[PDB]
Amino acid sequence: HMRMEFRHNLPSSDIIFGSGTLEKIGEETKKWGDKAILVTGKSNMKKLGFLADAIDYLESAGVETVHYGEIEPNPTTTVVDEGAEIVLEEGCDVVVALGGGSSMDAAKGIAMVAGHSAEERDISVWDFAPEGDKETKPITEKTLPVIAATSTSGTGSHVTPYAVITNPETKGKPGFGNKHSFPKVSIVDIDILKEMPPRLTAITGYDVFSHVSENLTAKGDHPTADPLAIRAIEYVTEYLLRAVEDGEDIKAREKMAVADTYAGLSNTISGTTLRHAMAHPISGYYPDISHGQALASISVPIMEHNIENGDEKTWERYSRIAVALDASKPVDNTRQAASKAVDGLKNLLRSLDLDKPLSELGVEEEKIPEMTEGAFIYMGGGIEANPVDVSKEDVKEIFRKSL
């Protein structure tokens, strides 16, 4: 018998779940600071009115608030470092996020830079970012406390330590963070999530599936995440399409919000693999490409590569994924039973209209070697966690099959 060995690490988590829980953003933030910077996108939270509510709740609680509504999708080092300057100039002592993964990651990055800086600064978020064997700057408890109110059922960033920041100079899009950047309080408000338009619901919904399906097949044992990851796939297949077709289907929104929370906890305990490692340089070199669409456009080839070079333990995991996708009935540990996850995958991608080759997104074949370099330089952890080896030419071939 092969013995089981693993180490489970999950930072303290405090999740407020329900509709209208934005109410609490003020009371909770006060416990951590008296003056907050409110990190958000540029239009939607404002247009929908939740920006005004959050500011009200914060002020009403007694938290003086500086609004930083500059976060564009796929946040950049410049937008994080410039928000940190505002934290240092205004003396903010707590970072509050209201938005999607782009807002919550920019918030964590701002908390890192501002907490480790001198008076005027002297450090950039990129110092914390992996890059080859570059000795990163340690992320310590100096990191400012973070309050995260997610507006999308996609990234699970409200319950992960990670921030994914793009460097426009290098085009790298690495993730980084630890227990000191895990949000102190996480707010999931169904009234905010239900306003996701259909396309946004589909994109972010598939990010949930991408996290848990990679967490399950990551190398090694990780049994504390597996039940959460499995349950998330079951919720995706049962409720994601319901949420896209009817944004006001509250039960479907609640299930995706729980599934997205599962993915955050699961992704903290375990980790993503080749699919995420290759989707990052896509959004890094093509910033107008959504993270979820990049994941979808390369999933089929990647899952086929891991299955063809896999073993019975990995095949058993892909088989459970297929069952959770309603693509099969019995779990088995063969190459054939694992292949049914590819059929269930294609079905999920089709029902969501996410099955597009990279060509239809704007990616060009000339960019392959650069994106491959980007995957290994900035996502080495994901490549290592993948259940099967991949050389630099394996990844180049995968990219071209996805064109």
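One-based numbering along the sequence shown.
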Check your understanding: Which has the higher mean CA temperature factor in the PDB entry, 248-256 or 323-331?
Key -> 323-331
**Study point:** Between 117-125 and 138-146 (mean CA B-factor, as deposited), the higher
**Key:** 117-125
Revision key, fill the gap. Chain-relative C-alpha B factor for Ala263 (record values, thirds): the lowest
Point to revise | For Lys313, the third of its chain into which the C-alpha B factor falls | key: highest
Practice item. Consider only the C-alpha atoms of the modelled residues in this chain, order them by B-factor as the entry records it, and name the third containing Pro287: lowest, middle or highest. Key: highest
**Study point:** Chain third (lowest, middle, highest) by recorded CA B-factor, residue given as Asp133
**Key:** highest
Practice item. Can you work out whether the C-alpha temperature factor of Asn44 puts it in the lowest, middle or highest third of the chain? Key: middle
